[PDB]
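Structure file structure_14.pdb (PDB, C-alpha atoms (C1' of nucleotides)) follows.
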ATOM      1  CA  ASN M 364       0.000   0.000   0.000
ATOM      2  CA  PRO M 365       1.129   3.295  -1.171
ATOM      3  CA  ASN M 366       2.312   5.800  -0.283
ATOM      4  CA  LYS M 367       3.561   9.282   0.371
ATOM      5  CA  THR M 368      -0.001  10.513   0.141
ATOM      6  CA  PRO M 369      -1.964   7.871   1.794
ATOM      7  CA  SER M 370      -5.518   9.014   0.953
ATOM      8  CA  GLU M 371      -4.916  10.083  -2.656
ATOM      9  CA  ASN M 372      -3.732   6.559  -3.575
ATOM     10  CA  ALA M 373      -7.052   5.055  -2.363
ATOM     11  CA  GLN M 374      -8.853   8.029  -3.999
ATOM     12  CA  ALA M 375      -6.913   7.347  -7.252
ATOM     13  CA  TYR M 376      -8.076   3.689  -7.047
ATOM     14  CA  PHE M 377     -11.692   4.906  -6.595
ATOM     15  CA  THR M 378     -11.324   7.254  -9.621
ATOM     16  CA  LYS M 379      -9.953   4.356 -11.748
ATOM     17  CA  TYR M 380     -13.168   2.526 -10.764
ATOM     18  CA  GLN M 381     -15.420   5.353 -11.972
ATOM     19  CA  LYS M 382     -13.515   5.431 -15.289
ATOM     20  CA  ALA M 383     -13.922   1.645 -15.428
ATOM     21  CA  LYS M 384     -17.727   1.790 -15.143
ATOM     22  CA  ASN M 385     -17.938   4.555 -17.755
ATOM     23  CA  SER M 386     -15.787   2.200 -19.849
ATOM     24  CA  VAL M 387     -18.348  -0.596 -19.221
ATOM     25  CA  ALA M 388     -20.922   1.639 -20.876
ATOM     26  CA  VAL M 389     -18.867   2.993 -23.774
ATOM     27  CA  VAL M 390     -16.931  -0.133 -24.839
ATOM     28  CA  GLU M 391     -20.151  -2.161 -25.046
ATOM     29  CA  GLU M 392     -21.542   0.584 -27.285
ATOM     30  CA  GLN M 393     -18.346   0.408 -29.372
ATOM     31  CA  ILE M 394     -18.552  -3.408 -29.628
ATOM     32  CA  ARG M 395     -22.146  -3.085 -30.891
ATOM     33  CA  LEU M 396     -21.033  -0.500 -33.473
ATOM     34  CA  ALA M 397     -18.065  -2.675 -34.482
ATOM     35  CA  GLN M 398     -20.195  -5.768 -35.128
ATOM     36  CA  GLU M 399     -22.576  -3.580 -37.158
ATOM     37  CA  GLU M 400     -19.575  -2.321 -39.161
ATOM     38  CA  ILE M 401     -18.228  -5.867 -39.657
ATOM     39  CA  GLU M 402     -21.644  -7.073 -40.868
ATOM     40  CA  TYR M 403     -21.863  -4.154 -43.317
ATOM     41  CA  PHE M 404     -18.280  -4.677 -44.520
ATOM     42  CA  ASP M 405     -18.786  -8.427 -44.986
ATOM     43  CA  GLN M 406     -21.868  -7.547 -47.037
ATOM     44  CA  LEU M 407     -19.789  -5.059 -49.056
ATOM     45  CA  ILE M 408     -17.160  -7.782 -49.624
ATOM     46  CA  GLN M 409     -19.948 -10.067 -50.889
ATOM     47  CA  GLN M 410     -21.399  -7.400 -53.192
ATOM     48  CA  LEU M 411     -17.965  -6.478 -54.563
ATOM     49  CA  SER M 412     -16.959 -10.123 -55.071
ATOM     50  CA  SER M 413     -18.955  -9.954 -58.250
ATOM     51  CA  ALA M 414     -22.666  -9.592 -59.278
ATOM     52  CA  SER M 415     -24.566  -7.559 -61.684
TER      53      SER M 415
ATOM     54  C1'   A K   1      23.356  17.758  11.167
ATOM     55  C1'   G K   2      22.873  14.070   7.070
ATOM     56  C1'   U K   3      19.016  17.145  11.796
ATOM     57  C1'   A K   4      14.063  19.607  10.442
ATOM     58  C1'   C K   5      11.396  18.608   5.800
ATOM     59  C1'   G K   6      10.659  14.996   2.072
ATOM     60  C1'   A K   7       7.983   8.032  -0.698
ATOM     61  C1'   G K   8      12.744   8.627  -2.353
ATOM     62  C1'   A K   9      16.580  11.456  -4.758
ATOM     63  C1'   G K  10      17.793  15.558  -2.216
ATOM     64  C1'   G K  11      18.527  18.690   1.842
ATOM     65  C1'   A K  12      18.262  23.449   5.795
ATOM     66  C1'   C K  13      16.996  28.637   8.497
ATOM     67  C1'   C K  14      19.444  30.249  12.824
ATOM     68  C1'   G K  15      24.412  29.977  15.864
ATOM     69  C1'   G K  16      29.705  29.021  16.347
ATOM     70  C1'   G K  17      35.269  27.953  14.386
ATOM     71  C1'   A K  18      39.013  28.245  10.509
ATOM     72  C1'   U K  19      40.944  29.550   5.697
ATOM     73  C1'   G K  20      40.906  32.579   1.185
ATOM     74  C1'   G K  21      40.112  36.594  -3.142
ATOM     75  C1'   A K  22      40.070  41.918  -4.148
ATOM     76  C1'   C K  23      41.194  46.613  -1.699
ATOM     77  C1'   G K  24      43.797  49.684   1.857
ATOM     78  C1'   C K  25      47.718  51.163   5.709
ATOM     79  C1'   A K  26      52.613  50.466   7.324
ATOM     80  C1'   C K  27      57.726  48.369   7.110
ATOM     81  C1'   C K  28      62.359  45.153   5.617
ATOM     82  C1'   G K  29      63.466  41.419   9.870
ATOM     83  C1'   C K  30      62.954  36.960   5.567
ATOM     84  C1'   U K  31      62.123  36.020  -0.235
ATOM     85  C1'   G K  32      63.656  38.892  -4.369
ATOM     86  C1'   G K  33      64.741  43.786  -7.455
ATOM     87  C1'   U K  34      67.889  48.057  -7.837
ATOM     88  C1'   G K  35      72.093  49.673  -5.743
ATOM     89  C1'   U K  36      77.186  54.746 -11.592
ATOM     90  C1'   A K  37      82.636  56.760  -4.860
ATOM     91  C1'   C K  38      81.623  48.281  -2.793
ATOM     92  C1'   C K  39      84.469  43.566  -4.176
ATOM     93  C1'   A K  40      86.226  40.111  -7.914
ATOM     94  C1'   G K  41      87.086  38.105 -13.069
ATOM     95  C1'   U K  42      88.082  39.453 -18.168
ATOM     96  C1'   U K  43      88.964  41.915 -23.829
ATOM     97  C1'   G K  44      91.305  45.851 -27.006
ATOM     98  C1'   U K  45      94.358  50.201 -26.992
ATOM     99  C1'   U K  46      97.153  54.150 -24.311
ATOM    100  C1'   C K  47     100.015  55.835 -20.017
ATOM    101  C1'   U K  48     102.968  55.356 -15.022
ATOM    102  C1'   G K  49     111.032  54.392 -18.480
ATOM    103  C1'   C K  50     110.554  48.220 -18.276
ATOM    104  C1'   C K  51     108.823  42.962 -15.642
ATOM    105  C1'   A K  52     105.417  42.750 -11.904
ATOM    106  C1'   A K  53     101.532  45.813 -10.121
ATOM    107  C1'   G K  54      98.087  49.634 -11.491
ATOM    108  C1'   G K  55      95.557  54.206 -13.881
ATOM    109  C1'   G K  56      92.419  56.362 -18.417
ATOM    110  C1'   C K  57      88.712  55.122 -22.348
ATOM    111  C1'   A K  58      85.636  51.686 -24.805
ATOM    112  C1'   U K  59      77.161  51.827 -22.305
ATOM    113  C1'   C K  60      79.074  51.762 -15.110
ATOM    114  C1'   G K  61      83.677  48.584 -21.449
ATOM    115  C1'   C K  62      81.558  43.765 -20.418
ATOM    116  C1'   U K  63      80.501  39.853 -16.896
ATOM    117  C1'   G K  64      79.384  37.494 -11.475
ATOM    118  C1'   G K  65      77.805  39.101  -6.836
ATOM    119  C1'   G K  66      76.403  43.055  -3.311
ATOM    120  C1'   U K  67      76.054  47.480   2.291
ATOM    121  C1'   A K  68      72.610  51.448   3.322
ATOM    122  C1'   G K  69      68.407  53.787   1.220
ATOM    123  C1'   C K  70      64.050  53.068  -1.887
ATOM    124  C1'   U K  71      60.994  49.060  -2.928
ATOM    125  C1'   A K  72      56.676  44.439  -4.098
ATOM    126  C1'   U K  73      55.988  40.298  -6.417
ATOM    127  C1'   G K  74      57.765  39.935   0.500
ATOM    128  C1'   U K  75      55.904  40.440   5.593
ATOM    129  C1'   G K  76      52.444  42.309   9.578
ATOM    130  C1'   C K  77      47.685  44.464  10.272
ATOM    131  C1'   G K  78      42.231  46.326   8.988
ATOM    132  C1'   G K  79      36.972  46.266   7.578
ATOM    133  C1'   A K  80      35.889  43.026  14.808
ATOM    134  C1'   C K  81      32.492  42.934  18.896
TER     135        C K  81
END
Turn the structure described in the file into structure tokens.
Amino acid sequence: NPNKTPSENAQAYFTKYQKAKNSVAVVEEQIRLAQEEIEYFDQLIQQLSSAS
RNA sequence: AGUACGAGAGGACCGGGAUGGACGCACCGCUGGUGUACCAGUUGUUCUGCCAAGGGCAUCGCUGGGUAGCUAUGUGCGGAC
């Protein structure tokens, strides 16, 4: 257990936790957007790989 | 006093003790400088009739030292409480 400033280390841990829960929101949103992009790009690969 | 402070690295305020730089005031007793009526060596010519010994001139002829005085680059002291 740190450290020179004994409360700000625990407070830094608690801040990392708040950033972590905001990350739980935003990275799930980004995963949803990324699977939508991969589905659209796989479709674009299919439509480029020949047709009409 | 590696004390306070500081996670570490680092690092005191205050208070004591030495040693310096620059500047200044004195003075030679040391270290040196100079010291043209001090001592010695030595070259050329002239003179004291000659040898020897000396004198004159050649930057004090030149060279090696040097008393007193004057000196700093030398020494003592000051800006302390």
Please evaluate the PyMOL selection byres ((chain M) within 10 of (chain K)) against the structure above and give the resulting residues as a ChimeraX atom specification.
/M:365-368
How would you write, as a PDB file with C-alpha atoms (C1' of nucleotides), in the frame of the given file, the residues chosen by the PyMOL selection byres ((chain K and resi 66) around 8) on this structure?
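Output contents, as saved in expr-v2.pdb:
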ATOM      1  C1'   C K  38      81.623  48.281  -2.793  1.00  0.00           C
ATOM      2  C1'   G K  65      77.805  39.101  -6.836  1.00  0.00           C
ATOM      3  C1'   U K  67      76.054  47.480   2.291  1.00  0.00           C
TER       4        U K  67
END
Name all residues at most 12 Å from segment 70-79 of chain K (count only C-alpha atoms (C1' of nucleotides); drop same-chain ones fewer than 3 positions away) and give them as a PDB file with C-alpha atoms (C1' of nucleotides), in the coordinates of the input.
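Just written: part_28.pdb:
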ATOM      1  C1'   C K  23      41.194  46.613  -1.699  1.00  0.00           C
ATOM      2  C1'   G K  24      43.797  49.684   1.857  1.00  0.00           C
ATOM      3  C1'   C K  25      47.718  51.163   5.709  1.00  0.00           C
ATOM      4  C1'   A K  26      52.613  50.466   7.324  1.00  0.00           C
ATOM      5  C1'   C K  27      57.726  48.369   7.110  1.00  0.00           C
ATOM      6  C1'   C K  28      62.359  45.153   5.617  1.00  0.00           C
ATOM      7  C1'   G K  29      63.466  41.419   9.870  1.00  0.00           C
ATOM      8  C1'   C K  30      62.954  36.960   5.567  1.00  0.00           C
ATOM      9  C1'   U K  31      62.123  36.020  -0.235  1.00  0.00           C
ATOM     10  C1'   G K  32      63.656  38.892  -4.369  1.00  0.00           C
ATOM     11  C1'   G K  33      64.741  43.786  -7.455  1.00  0.00           C
ATOM     12  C1'   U K  34      67.889  48.057  -7.837  1.00  0.00           C
ATOM     13  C1'   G K  35      72.093  49.673  -5.743  1.00  0.00           C
TER      14        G K  35
END
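Here atom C1' of residue 41 of chain K stands at a distance of 25.6 Å from atom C1' of residue 68 of chain K.
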Distance atom CA of residue 412 of chain M-atom CA of residue 395 of chain M, one decimal place?
25.7 Å
